[PDB]
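Okay, here we've got a single chain as structure tokens, the form deposited in one PDB entry, with questions on binding and movement later.
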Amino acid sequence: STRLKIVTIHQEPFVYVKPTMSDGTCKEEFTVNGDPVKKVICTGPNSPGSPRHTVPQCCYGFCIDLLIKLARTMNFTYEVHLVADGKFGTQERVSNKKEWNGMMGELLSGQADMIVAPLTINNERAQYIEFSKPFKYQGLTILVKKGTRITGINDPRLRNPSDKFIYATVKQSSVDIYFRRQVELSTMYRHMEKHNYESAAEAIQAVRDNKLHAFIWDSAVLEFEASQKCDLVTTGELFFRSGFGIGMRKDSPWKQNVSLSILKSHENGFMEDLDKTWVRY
């Protein structure tokens, strides 16, 4: 018998991460619709190449609510931790050996039993792990400072780039994988490889700060940010489509029931309620 080790990642509005209070508990708060926010204690590190000091923290959001629902449905207990290197996960050459980093590496090494995060389903990862059916259907878009005018993914300041207009995504992410694998995107990939950010929050802040002119990322995140911060807009629009899934090892005994529960939640309105609570208000 064992508690599930759940790994997640900071990524608003799917996973908020906040300090505990002095006594080690999470502050009581309420949603926009008046209901209490469910929070869980999640351990993780508070700069690349430095030692990582793990401390208890508070986690909540769309994905944490989804976790609580799966746990109650399928009757498992769990402990949540934040991925130690802060990355979603890619497979990089080391040497002809390869390794996965990020949440993918923690799941494959046994440090995690389940990835519950806005984790994009793609061919590269599905070779190594099991994904559920998608709990969110979305795609990629482009975030810019209000007033910046670019048409989209085919705009010549992206396709014929210079140092005059800088764009980027998140290191060791599915967007990084996407641009690296499609030869037709190699001009964009070589430009971004010089400017990619360690996390989405840092990249978004860099757009607000006019140090990054366009950020290419998940539309589910970017449209939420633009709904909250009026100096930011997305520019259009879904140029690639993908979904987020729960990640498990291929020999997981939970994998069938997790997918059935995802499907039931789309069908009975639970997933829309989460959209209403965390995403679309």
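Basically, rigid core = biggest C-alpha set you can superpose within 1.5 Å across the two forms. Counting begins at 1, following the sequence as shown.
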property	result
Which of 242-250 and 214-222 strays further in 9 other deposited structures of this protein - Cα RMS after rigid core alignment	214-222
Stretch with larger C-alpha RMS deviation in 9 other deposited structures of this protein, core superposed, 105-113 versus 192-200	192-200
Third-or-more of other entries without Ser95	yes
Other entries modelling both neighbours but not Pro51, at least a third	yes
Unresolved deposited residues in the interval that joins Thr31 and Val32	none
Chain break class for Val94 to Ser95, judged by how many deposited residues have no coordinates	1 to 3
Higher-scoring stretch by recorded Cα B factor average, 114-122 or 147-155	147-155
Mean C-alpha temperature factor, higher of 254-262 and 8-16	254-262
Highest-ranked of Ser227, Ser242, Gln57, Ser219 once sorted by CA temperature factor in the record	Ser227
Most elevated Cα B-factor in the entry, residues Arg249, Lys39, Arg52, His213	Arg52
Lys87, C-alpha B-factor rank within chain (lowest, middle or highest third)	lowest
Third of the chain's Cα B-factor distribution that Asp23 belongs to, per the entry	highest
Chain third (lowest, middle, highest) by recorded CA B-factor, residue given as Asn196	middle
Entry-reported Cα temperature factor of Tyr137, expressed as the chain third it lands in	lowest
Chain-relative CA temperature factor third for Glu223	middle
